Amino acid sequence: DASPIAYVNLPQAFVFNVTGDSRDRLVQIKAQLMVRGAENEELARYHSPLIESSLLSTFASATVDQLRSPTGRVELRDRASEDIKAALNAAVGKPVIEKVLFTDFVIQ
Amino acid sequence: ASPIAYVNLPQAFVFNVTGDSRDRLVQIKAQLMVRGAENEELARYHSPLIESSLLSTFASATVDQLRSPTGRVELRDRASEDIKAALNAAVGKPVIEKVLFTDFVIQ
Amino acid sequence: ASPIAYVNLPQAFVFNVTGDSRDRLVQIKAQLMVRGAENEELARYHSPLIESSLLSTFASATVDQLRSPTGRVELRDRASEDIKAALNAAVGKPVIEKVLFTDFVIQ
Amino acid sequence: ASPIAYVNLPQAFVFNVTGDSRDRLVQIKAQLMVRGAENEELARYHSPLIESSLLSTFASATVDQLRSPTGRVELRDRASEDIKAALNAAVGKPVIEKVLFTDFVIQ
Amino acid sequence: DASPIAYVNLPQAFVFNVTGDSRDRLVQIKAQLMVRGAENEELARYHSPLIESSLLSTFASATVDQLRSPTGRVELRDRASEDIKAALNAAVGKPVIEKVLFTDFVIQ
Amino acid sequence: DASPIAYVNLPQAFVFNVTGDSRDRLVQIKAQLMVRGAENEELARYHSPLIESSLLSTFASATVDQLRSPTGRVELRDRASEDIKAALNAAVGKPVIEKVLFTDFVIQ
Amino acid sequence: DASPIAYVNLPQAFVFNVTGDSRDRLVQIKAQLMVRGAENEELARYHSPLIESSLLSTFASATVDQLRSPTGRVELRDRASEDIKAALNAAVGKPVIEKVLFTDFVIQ
Amino acid sequence: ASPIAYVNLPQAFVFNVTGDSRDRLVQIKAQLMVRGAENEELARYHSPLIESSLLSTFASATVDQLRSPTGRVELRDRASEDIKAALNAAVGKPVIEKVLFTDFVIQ
Amino acid sequence: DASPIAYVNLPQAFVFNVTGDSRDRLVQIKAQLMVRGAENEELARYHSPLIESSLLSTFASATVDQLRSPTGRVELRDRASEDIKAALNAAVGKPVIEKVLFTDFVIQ
Amino acid sequence: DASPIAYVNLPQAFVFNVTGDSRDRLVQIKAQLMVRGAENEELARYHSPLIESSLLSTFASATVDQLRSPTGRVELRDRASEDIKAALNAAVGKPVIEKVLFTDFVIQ
Amino acid sequence: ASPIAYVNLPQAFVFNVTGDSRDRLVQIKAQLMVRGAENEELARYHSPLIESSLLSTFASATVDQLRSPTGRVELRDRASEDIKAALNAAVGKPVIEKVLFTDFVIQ
Amino acid sequence: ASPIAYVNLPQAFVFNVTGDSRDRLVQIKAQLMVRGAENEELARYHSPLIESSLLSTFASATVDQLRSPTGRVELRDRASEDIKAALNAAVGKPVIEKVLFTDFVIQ
Amino acid sequence: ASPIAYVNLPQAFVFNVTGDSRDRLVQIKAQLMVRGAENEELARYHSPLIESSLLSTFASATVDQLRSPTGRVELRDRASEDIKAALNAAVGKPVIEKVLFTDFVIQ
Amino acid sequence: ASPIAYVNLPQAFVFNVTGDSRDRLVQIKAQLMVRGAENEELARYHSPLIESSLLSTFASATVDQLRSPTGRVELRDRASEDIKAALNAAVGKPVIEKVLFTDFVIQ
Amino acid sequence: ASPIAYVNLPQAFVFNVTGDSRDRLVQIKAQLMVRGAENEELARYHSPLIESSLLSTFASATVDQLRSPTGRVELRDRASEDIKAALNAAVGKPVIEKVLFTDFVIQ
Amino acid sequence: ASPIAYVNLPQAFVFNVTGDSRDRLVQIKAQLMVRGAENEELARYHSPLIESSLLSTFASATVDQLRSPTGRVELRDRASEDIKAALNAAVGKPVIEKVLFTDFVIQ
Amino acid sequence: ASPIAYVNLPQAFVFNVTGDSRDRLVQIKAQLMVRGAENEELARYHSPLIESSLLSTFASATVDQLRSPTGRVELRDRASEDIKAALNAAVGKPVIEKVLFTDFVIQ
Amino acid sequence: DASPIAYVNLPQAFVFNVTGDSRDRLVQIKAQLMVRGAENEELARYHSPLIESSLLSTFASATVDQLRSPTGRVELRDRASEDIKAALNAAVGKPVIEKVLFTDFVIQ
Amino acid sequence: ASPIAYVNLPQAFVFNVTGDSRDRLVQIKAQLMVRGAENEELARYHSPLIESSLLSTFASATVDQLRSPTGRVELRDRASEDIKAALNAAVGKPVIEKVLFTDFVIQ
C-alpha cells in the first residue's frame, strides 16, 4: 500500500525536427508519465501543459546520433525526466513525476 | 503567489521562415501560463490580442531562434515579454507569467 | 474609456500579391479590436464592408512589404485607417480601433 | 437615406481569364450593399438577375482590371453600374448602392 | 410583360464540349430561367426537362471563339432563349420564358 | 389528340465507347422521355428496361462524326425516338413515347 | 390474359475480359431479363444465380470482333438468351426468360 | 428431383496465378447450387471448408486454363468434384451439385 | 463417435513478407480453425491469441518457392495446422484444432 | 488452485525503425501479453504503459538480421519477455507476464 | 377494359350522427376504385373535392342506416353517385367507379 | 376555365358554439379550391387573411346550422362569399372559388 | 398442384356487432391463401377490394355466430365465397382459395 | 399602396377573464397585417412590445365581448389601434394596418 | 430420427373463453417443434395456416380445461394433431412434431 | 442610445398569492425593453439580479391588483422602478426602460 | 470596485415545512452573487457546501416567514450570512456577497 | 494547511421509509461527501458501495421526529459521518471522509 | 490481506413478505464486497448462483425483521453466509466476504 504507481497519459504525440546531418527528418514520440501517489497523479495531469513544454524543449537538443543509438534513447529519458522535475520543482515546489515513458518512437 | 492556471490557445501558429529560398513553414502550438483567477479571466478575454503579439514576435524571429536550442528558449522569453508589454498598454497590467510551446516543427 | 471588445472575422483572407518574381498566394487571418458595445454591434453588422475593405488594402501590398517588419506594421496600420475611413463614410464613426493579425503565411 | 443592409450572394463566381500564355481561373465572392428595407427585399428577390450582371462584367474584364490595384477597383465600380442599369430596366429602381468583394483570388 | 418577374432555377449545371482549335474543351454553364407571371413560372418548372434539352442542343452548336467574345456570348444567350420559346410554342403554344440567365460560365 | 405532356425519367446514365479515331473517347448521355397521355406515362415507366435497351442499340452505331456535328446529333436523336417506338410498337402494340430528350451530353 | 411483359433486374453489372486481345481489355455489361408471365417472373428471380452463371459463360466467349460490331451484339443478346433457356430447360424443365436485355455496354 | 437452392458466398475469391511475365491477379465470385433442404443447411454451415476447397482449386490452375472458355468449364467441374470429395471425407455427403461462377476478371 | 464439426473464425488477416527478398513481395492470408466438439470450439476461441502467434511463427519460415507451388501450399497448410496443435499441446495439454483452413491467399 | 491462462491485449501496434543498413526501414509489430492468474491479468492491464515502454526499448535495440531470421524473433520475444519481467520486478515486485506473443509482424 | 386501379384515401373519415341516447361518433376508412390511368390521375389530384363529397354524403346518414347492411350498401352506392356528380361539375368526367369501405366502426 | 388547384389549410379550426345546456367544441378541417396559377399564388400568400375570414364566419354560426346538413351547406357558401368579399378589399380579386370541408366533428 | 402462397392483410379488421346489453367490438386479423404465382399477383393488387368484401361479410354476422366455433367456420367459408363472387365480377377469376383467421377477439 | 405582408406571432395568448359561476380560460392566436417592407421589418423586431399591447388589450375585455360576434370585431379594431398608439411613442410610426385572429377558443 | 429444430411463432395468441361470470382473456405464446431440415422449411412458410389451425383449436376450448393442468396437455396434443391434419391436406405431409407452450395466462 | 432593444427572460414566473378563498398561482412571462447597446449588454449580464427584483416585486402583489387592469399597469410600473433601483445599487446605472408582460395567466 | 459575477445553482431546492393544516412543499431556485474572479472560482468549487448551508437554512424556516414579504427578505439575508459562516470556516473567506431568489412557490 | 477540500458526489439518492404515528412516511435524501486530500478523494470514490451502505444503515435507524427537527438533522449528519469513519477504519484503516453533506431532504 | 473490490448486482431484488394486514413489497439493491482479484472474477461469473442464494434468503425473512434495524443487520450477515455456503458447495471457495445493501425500501 506504499504510494501506488499511476500513469498520466500525454495524449498528443510530439513531432519535432532533429538537428540532423544534412537530413530533414521528423521524429514522433508518444510519451506517458509514471507517478507515485494520488496527489502527484492530479498534479502531473493538471500541469501537463508545462510538462509538454519540458519534453519538447528536451527533444530539440537531442541529436540524430543520440536518437538512433539505443543507449542514447535511455539517456534521453533520464534527461527528459530530470528536465520535467526541475521545471515542476521551480513551479510547484514538488518533483511530481518520477520518470517519463516512451511508448512510440519513429523517425519519419 | 496565486495558484497556477494554463490558458489554451487553440489555433496553432503556422508561418514561414525568415526569407529562405527553400520556402519552409513553421508550426507552433502555444499555451499561456498565468497566476491568479483574475489573470486567467483576462488571458482568455484578450487572447485575440495575445495571438497577434505572438505572430508579430514569430514573424520577426531569426533563423537562429528557430533551429537552435538557445534560440528557441530566447524566443519564448521574447514572446512572453512582448505579451506583457502589449497587455500592459491595453489593460494596464501584465497578465501572463510566461508562454509555453507544446509543439514546434519546421517543414 | 469603454471596455475593450473583439470581433472575430472567421474566414481567412486569401489574395494574390502584385509580385514580379513568381506566383504567390498569401493567407491572413484577422480580428477586429473595438471599444464599447455600440462599436461591437456595428463591427459585426458591417463585416461585409470590413471584409471588403481589408481585401482592397491587401491587394496593393507587394511581397517586399510583407517580409520587412515595418512593411507589415505599416500594412496593419494602413488596413486599420482604411476601414475607419470607409466606415466614417457609411455610418459616421470610426467603429474599430485597430486591426489584429493572428496568422500570416506566404505560399 | 435608410439604414444599410447587406445581401449575400452565396454563389462564388468562378471564371477564367483571357490568358496571355496559359489558362488561369479567378474566384470572386461578392455581396450587395443596399440602403433601405425594400431594396434589401428587391436585391434578394432578383439575385439571379444580379448574379447574371456580374458574370457579364467579369467575362468582359481585361487582365489589367484583374491584377492591377487600380483596375481591380475599377472592376468593382463598373460591376455596380451594370447591376444598377439592369435592375432599373427590369424593376424601375437601381436597387443596390455598391458591390462588395469579400474574396478575390487568381489561381 | 406586365406580370411580376419570377425566376425558375435550373439546379444542374450544363457540361458540354465545343470544337476547339484542335483539342476540344469542356464548357460548364450554370443557367436560370426568367419568367413573368405565375402561369409561365408553373410551366417553366414542369417542362424543365424539355427546357434542359433545348439548351443543350443550343450549346452543342457553339464554338470557342464564339464563347470568348462579348457578341458571341450575347448571341448565344439570345439564341438559347429563342430556341426554348420555339420549342415550348411547338409543345404548349406559349413562349413561357422571357430569357435565359447565365449565372456562372467556366471553360477549361 | 392533345393530351397533357408528361416526362418520364430514365435514371440510368448511358456511358458507352464511341469508335474513336484519334483516341478511344467515351460518351455520357442522360435521357428523358416526353410522352402525352396518362396511359403512355405509366407504359413508358413499366417498360423502361425495354426502352433503355432500345437506346443502347441505336448508340452502338454512333460514329465520332455522328456525335460531334449538331446536324448529326439531331439526326441521332430522331433515330433514337423512332427506334424506341418501333421496339414498343412491336412489343405492346403501341408507340408509347413522342420524343426522347437529352439533358446531359458530354464526350471528353 | 396476354402473358403480360415483366422485367427481372440483374442489379450487378457483368465485368469480364475479352478473349484474345492484344492487351487484356475490360468490358462491363449491365443486363436485365424480360420475362413473360407471373410464374416465369418468380422462376427468373429465384434462379438468378444460375442465370448469372449462364451469362458469364456466354459473355466470356465473345470475340473483340463480336463485341465491337453493332450486329455482333445482336448475335450476343440472342446467344445469351438461348443459353439461359437451355440451362433452365435442364434445371427446371421450362424456358423462362424468352430474351435478355442490355442497358449499358462499355469496352474500357 | 429435390428443390434447387443457391447458397451464396459473399467475399469474392481474389488470388494470383503466374503467367509468362505477370504477377497476375484473378477475382472470382462464386455461388453454390445445391439440391434439397438438408444440403442447403449443410452448405451454409460448412462454407469455410468449401471456401478453402475453392481457393485450393484456383491456386492449382494455370493462366492457360483461365483464358480458354473450355478450360474454365473444366475448372468448375474440377472445383465441384474437389468440394464434394472434401465434404465426403468430413460429413460423408456430397453437399453441393455444382459451383456457379458469376464474376470472373483478370487484370 | 464423430464429434460435431465447428469453425472458429480468425478475423485477423495475416500479412507478412516473403523471406527471400531478392524478390520482394508481400503475402496476405485469411485463416479459420476447424475443430470438433463444443469444448474444443470453446478452447480455440479463448486461446486465439496463442493460435494467431503460432501461425505467424510458421509463416516466417515460408520460402517464396513454397508459397508458389500448390503442393507447397498444402505443405504449409499441413504444417501450420501441426504447429498449432503442438503449441496448444504444451499450453493446455490437448490438441484443440483438427486442421487450419485458408480462405484467402494473395502475394502482392 | 491452478492458474488458468489469460491473454491481455495491447491494441497499439508498435512502429519503429531498424537503423537499417541499406536504407531506413519501417517495422510494425502487433503484440499481446500471455499471463497466468487473475491478479497478474489486472496487473498487466494497469501497468500497460510501463510494459509498452519496455517493449519499445527492446524492439529499438534489435538489428535487421534478427528481424529477418525466424530464430531471431525467437530470441527477440524472450528478450522482450525478460525485459518486462525485470521492469515490473523493480516497480511492483512480480514477474507478471511470463511471456509475450506476436500476432502480426511486417518489416516494410 | 381500362384495368382496375385503386386510389387510397388515407384520412379516416370521422363524423357525428345524432342517435337517441347519446351522440354517435362514426369512423370510416375508404378507398376509391377507378378504371383507367387517366381517371386514376384525376382521382388523386381532385382528392380534396372527392373527400369533400364523401363528408357531405356521410353527414346526412341516419344512425339506422349505418347499423344496417342494406343501408350501408345503400350509402356505399350513394356516395359514389354524389362524387360522379361533383366531378362532372368540376372536370366533366365521372372519374370513379365506386367507393370501397375497408373499415367501419360506430362505437 | 383555368385548371383547378387545391390550396390546403393545414391548421384546423377549433372554436365554440353555444347549444342549450353546454358550450360546444367544433373542429373543422378546410381546404381552398381555386382556378388558375395566379389565384393559387394569392391564396397561399394571403392565407393568414383567409384563415381569419373563416374563423370570423364559423364563430357566428349556431349549433342548429352546424347540425343541419341542409344548413351546413349554407355555411360553406357563406364562408366562401366572406373570403371573396375580404380579398376583393385587400387585392381587388375574388381569389378562391369555394371553401371545402374535409373533416367535421361536433364535440 | 400450384405452389401455395399466403398474402398478408396487415390492416386488421375492427367492427361492432349488435348484442343484447352492449355493442361489442370485434377484432379479426386475416390472411389470404392463394394457389399459383398469378393469383398471388392479383390478391395483392386487388387487396383493397378484397378488404372491402370482408367488411361487408364481417359486419353481417351476429354475436351468436362469432362466439360459436361452427359459426366461425361457416363465416370463414362465407367470407371466402363472397370474395370469389366479388373478384369474378371484377377480373373474372376467383383468386383466393380460402381466408385464414390468425387472431379473433371479442370485447 | 405598398404590398401586403403578414407577420406571425407564434406564442399564443392565454389569459383570463372573469364571468359568473367560474373563471374563463381564453386562448387567442393572432397574426399581424402590414404594408411595406419597412413595416414588416419593424413589426417583427418590435413584437415583444406588440405582444404586450395585445395582452394589455385582451385581458381588459369582458366575457360578453368574447362571446358576441360583433364583440370580437370591435376587439380587433381596438387591439389594432392600441398597437399603433404604442408604436407611435416607440418609433414614431404606426407599423401595422390591422390585427388578425386565426384561432379563437374560450373555455 | 432427424435433428430437432424449433420454429418460433412470435405474435402470441389472444382469444376469449366463456366462463361463469365474465369472458376470460387468454394469452398463449407458442412455438413449433419439428424434426428435419425440410420440415423446418415448410413450418416457417406455412405459418399462416398453422396460426389458423391453432386459433381454430384454442376457440374450441373452455375454462375448466385451461385452468386444469391435465386439460392443457390434451389441448397441446389436440392442437398438434389438428395441425398435422391441416397440413396433410395442404402439402400432403405432417410438418411439425408437436406444439410447445412457453407462456400462458388467463384474465 | 436611441435604438430600442428587447432582452428576453425565457423563465416563466410562477408564484403564489393568497386570495379571498384559496391560494392562487400566477404565471407571468416578462421581457426587458432597453435603449442602447450598452444597456442591452448589462441587462443580459445582470439577468439573475433582475430576475430577483421581479420576484421580490411580484411576491408583494395582491390578488385584486393582478385582476385589475389599472393594477397590472401599476404593478408593471412598480416592477420597473424596483429593477432600476437594484441596478443603481449594483452597477450605478438604471439599465432598463420598462418591463413588458407578453403572457399573463393567474388561474 | 470588483466586477460582479453570478454563479448559478441549477438544482432547485425542494423541501418541506410544517403548516397548520398539512405539510407544504416549498420550491426555491437560487443563484449566487459574487464580486471578483477569485470569489467566483471558490463559489463554484464549493457549491456542494453552499447547497448544504442553504438547505440547512431553508428547512429551518417557518410558513409564516415564507408567506411574509418581509420574512422572505430576512430569510434571504439569513441564508447569505450562513454561507459566509461556513466558508469562513472551510477556507476562511466570505466567498459570496448575497443570495438571489429567481423562483419561489409553495405547493 | 491540512489539505485542499474536495467533494465526492453520491449521485444515487437515498430513499427509505420511517414509521410515523399515522402512516409510513417516505424520506428522500441526496448526499455528498467532503474530503481533504487527493488520496481521500480517491478512496471515497472507490469505496462508494461501502459508504452508501453505511448511510442506509444510519438513515434507517433515525426516527421521524429526529428528521423534522433541524437540531436532529445536524445530529443525524454528524452521526452518519462517524458511522462511515468507523466502517472505513475497519475496512481500509483511514477515516477517509471529513463529514457528510445534504443537498436535498424531503419527507412524504 | 488482498485488496478490496466491489462486484455490483444490477438486478434490484423485488419480493414479497407476509404482513398482518396485507402483502408488502420489498426492494433491496445489493452489491458484493470481495477481497482478491480472483474472487472478483468468481463473484462476477457466478452472479446467477449468487442472485439465486440471495433471493432464497430474502423471500424467507419476516416483516418484523425487515423493519428492525438490528434485524436487517443479521439479515445482511445471514445472506452473506448463505452465499459462502452455496459457493463452497459449487466451486469450493467462499468467494464473497459480505453483502452490502445500498438501497432498501419496503413501501
# chains A, B, ... in the order shown; residues from 1 in each chain; ligands from 1
>>> calpha_fit_and_write(fixed="chain C", moving="chain O", output="compact mmCIF listing (two decimals) with C-alpha atoms, in the first residue's frame")
# COMPACT_ATOMS: atom_id res chain seq x y z
CA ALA O 1 -11.82 54.47 -22.40
CA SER O 2 -14.63 51.99 -22.98
CA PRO O 3 -13.99 48.28 -22.30
CA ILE O 4 -12.10 46.40 -25.00
CA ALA O 5 -13.86 43.80 -27.15
CA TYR O 6 -12.69 41.77 -30.14
CA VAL O 7 -14.83 41.03 -33.20
CA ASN O 8 -13.73 37.94 -35.11
CA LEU O 9 -13.46 37.53 -38.88
CA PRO O 10 -13.70 33.75 -39.28
CA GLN O 11 -13.03 33.31 -43.01
CA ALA O 12 -9.38 34.18 -43.63
CA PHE O 13 -8.14 36.39 -46.46
CA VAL O 14 -6.57 34.76 -49.54
CA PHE O 15 -5.13 37.00 -52.25
CA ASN O 16 -2.25 37.23 -54.72
CA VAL O 17 0.75 39.56 -54.71
CA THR O 18 3.12 40.03 -57.64
CA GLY O 19 6.68 38.87 -57.01
CA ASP O 20 9.84 38.47 -59.07
CA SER O 21 9.37 34.98 -60.53
CA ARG O 22 5.80 33.97 -59.62
CA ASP O 23 2.64 35.28 -58.00
CA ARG O 24 2.87 34.66 -54.26
CA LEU O 25 -0.18 33.33 -52.39
CA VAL O 26 -0.85 35.17 -49.12
CA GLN O 27 -3.22 33.95 -46.41
CA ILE O 28 -4.22 36.37 -43.64
CA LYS O 29 -6.47 35.58 -40.67
CA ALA O 30 -7.54 38.82 -39.00
CA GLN O 31 -9.66 40.10 -36.13
CA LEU O 32 -11.00 43.53 -35.18
CA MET O 33 -10.38 45.27 -31.85
CA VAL O 34 -13.09 47.72 -30.79
CA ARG O 35 -13.76 49.74 -27.64
CA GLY O 36 -17.36 50.03 -26.47
CA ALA O 37 -20.45 47.82 -26.48
CA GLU O 38 -22.08 49.76 -29.33
CA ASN O 39 -19.04 49.71 -31.63
CA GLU O 40 -18.84 45.93 -31.21
CA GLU O 41 -22.46 45.79 -32.39
CA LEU O 42 -21.72 47.83 -35.53
CA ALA O 43 -18.53 45.90 -36.29
CA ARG O 44 -20.36 42.58 -36.60
CA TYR O 45 -23.27 44.03 -38.59
CA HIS O 46 -20.91 45.77 -41.04
CA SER O 47 -18.50 42.86 -41.49
CA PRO O 48 -19.09 42.67 -45.30
CA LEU O 49 -18.02 46.31 -45.65
CA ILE O 50 -15.05 45.79 -43.33
CA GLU O 51 -14.11 42.64 -45.24
CA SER O 52 -14.25 44.75 -48.42
CA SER O 53 -11.99 47.53 -47.13
CA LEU O 54 -9.50 44.90 -45.93
CA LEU O 55 -9.23 43.06 -49.26
CA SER O 56 -9.08 46.40 -51.08
CA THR O 57 -6.11 47.31 -48.87
CA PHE O 58 -4.34 43.94 -49.06
CA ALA O 59 -4.43 44.04 -52.87
CA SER O 60 -2.47 47.33 -52.81
CA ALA O 61 0.44 45.65 -50.98
CA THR O 62 3.56 44.13 -52.53
CA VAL O 63 5.97 41.37 -51.51
CA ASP O 64 8.81 43.59 -50.26
CA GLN O 65 6.34 45.01 -47.72
CA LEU O 66 4.81 41.73 -46.55
CA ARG O 67 8.12 39.94 -45.95
CA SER O 68 9.34 43.12 -44.23
CA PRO O 69 8.36 43.11 -40.52
CA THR O 70 8.21 46.92 -40.38
CA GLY O 71 6.24 46.81 -43.64
CA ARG O 72 3.51 44.77 -41.94
CA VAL O 73 3.03 47.26 -39.09
CA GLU O 74 2.36 50.05 -41.59
CA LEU O 75 0.05 47.60 -43.37
CA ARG O 76 -1.83 46.85 -40.14
CA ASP O 77 -2.16 50.60 -39.57
CA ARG O 78 -3.06 51.32 -43.20
CA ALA O 79 -5.75 48.63 -43.15
CA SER O 80 -7.09 50.06 -39.88
CA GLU O 81 -7.21 53.70 -40.98
CA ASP O 82 -8.72 52.70 -44.33
CA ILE O 83 -11.59 50.94 -42.54
CA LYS O 84 -12.36 54.01 -40.42
CA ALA O 85 -12.65 56.10 -43.58
CA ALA O 86 -15.04 53.55 -45.10
CA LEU O 87 -17.27 53.57 -42.00
CA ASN O 88 -17.11 57.34 -41.45
CA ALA O 89 -18.81 57.63 -44.85
CA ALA O 90 -21.12 54.64 -44.32
CA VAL O 91 -22.39 55.00 -40.74
CA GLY O 92 -20.78 58.33 -39.83
CA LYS O 93 -18.65 56.73 -37.11
CA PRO O 94 -15.22 55.07 -36.88
CA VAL O 95 -16.16 51.68 -35.46
CA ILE O 96 -12.95 49.74 -34.86
CA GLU O 97 -9.83 50.72 -32.92
CA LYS O 98 -7.27 48.74 -34.94
CA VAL O 99 -6.99 45.52 -36.96
CA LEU O 100 -5.18 42.46 -35.59
CA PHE O 101 -3.24 39.79 -37.49
CA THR O 102 -3.22 36.31 -35.94
CA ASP O 103 -1.97 34.14 -38.82
CA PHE O 104 0.15 35.20 -41.79
CA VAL O 105 1.74 33.00 -44.48
CA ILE O 106 3.09 33.62 -47.98
CA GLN O 107 3.37 31.03 -50.77
>>> calpha_fit_rmsd(fixed="chain I", moving="chain E")
1.1 Å
>>> select_by_dssp(residues="range 5-107 of chain K", states="alpha helix (DSSP H)", output="ChimeraX atom specification")
/K:37-45,47-59,63-66,69-90
>>> select_by_dssp(residues="range 27-105 of chain O", states="strand (DSSP E or B)", output="PDB file with C-alpha atoms, in the first residue's frame")
ATOM      1  CA  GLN O  27     -52.869 -15.164 -23.910  1.00  0.00           C
ATOM      2  CA  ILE O  28     -50.788 -18.019 -25.341  1.00  0.00           C
ATOM      3  CA  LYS O  29     -47.238 -17.756 -26.698  1.00  0.00           C
ATOM      4  CA  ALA O  30     -46.400 -20.905 -28.649  1.00  0.00           C
ATOM      5  CA  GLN O  31     -43.596 -22.465 -30.672  1.00  0.00           C
ATOM      6  CA  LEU O  32     -43.405 -25.436 -33.034  1.00  0.00           C
ATOM      7  CA  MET O  33     -41.023 -28.380 -32.642  1.00  0.00           C
ATOM      8  CA  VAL O  34     -40.076 -30.123 -35.892  1.00  0.00           C
ATOM      9  CA  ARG O  35     -37.617 -32.868 -36.823  1.00  0.00           C
ATOM     10  CA  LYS O  98     -45.702 -31.212 -31.504  1.00  0.00           C
ATOM     11  CA  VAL O  99     -46.665 -27.720 -30.336  1.00  0.00           C
ATOM     12  CA  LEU O 100     -44.965 -26.072 -27.354  1.00  0.00           C
ATOM     13  CA  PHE O 101     -46.414 -23.602 -24.844  1.00  0.00           C
ATOM     14  CA  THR O 102     -43.958 -21.118 -23.324  1.00  0.00           C
ATOM     15  CA  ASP O 103     -46.282 -18.509 -21.773  1.00  0.00           C
ATOM     16  CA  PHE O 104     -49.874 -18.974 -20.634  1.00  0.00           C
ATOM     17  CA  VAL O 105     -52.096 -16.522 -18.738  1.00  0.00           C
TER      18      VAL O 105
END
>>> closest_atom_pairs(of="chain E", to="chain F", cutoff="12 Å", atoms="only C-alpha atoms", output="tab-separated table")
residue	atom	partner	partner_atom	distance
E:10	CA	F:103	CA	11.4
E:12	CA	F:104	CA	9.6
E:13	CA	F:104	CA	9.5
E:14	CA	F:104	CA	7.2
E:15	CA	F:106	CA	6.7
E:16	CA	F:106	CA	5.2
E:17	CA	F:106	CA	6.4
E:18	CA	F:68	CA	8.8
E:19	CA	F:68	CA	8.3
E:20	CA	F:68	CA	11.9
E:22	CA	F:22	CA	11.3
E:23	CA	F:108	CA	10.0
E:24	CA	F:108	CA	7.7
E:25	CA	F:108	CA	7.9
E:26	CA	F:108	CA	7.1
E:27	CA	F:106	CA	9.7
E:28	CA	F:106	CA	10.6
E:43	CA	F:5	CA	10.8
E:45	CA	F:7	CA	11.7
E:46	CA	F:6	CA	8.5
E:47	CA	F:7	CA	8.0
E:48	CA	F:7	CA	9.4
E:49	CA	F:103	CA	6.9
E:50	CA	F:101	CA	6.8
E:51	CA	F:103	CA	8.8
E:52	CA	F:103	CA	5.5
E:53	CA	F:103	CA	4.9
E:54	CA	F:103	CA	8.5
E:55	CA	F:103	CA	8.6
E:56	CA	F:103	CA	6.7
E:57	CA	F:70	CA	7.4
E:58	CA	F:70	CA	8.8
E:59	CA	F:70	CA	9.5
E:60	CA	F:70	CA	6.3
E:61	CA	F:70	CA	5.7
E:62	CA	F:70	CA	9.3
E:63	CA	F:69	CA	11.5
E:88	CA	F:5	CA	11.3
E:90	CA	F:2	CA	11.9
E:91	CA	F:5	CA	8.2
E:92	CA	F:5	CA	8.6
E:93	CA	F:2	CA	11.6
E:108	CA	F:108	CA	11.4
>>> atom_distance(atom1="CA of residue 82 in chain G", atom2="CA of residue 95 in chain G")
9.0 Å
>>> atom_distance(atom1="CA of residue 41 in chain A", atom2="CA of residue 44 in chain J")
19.6 Å
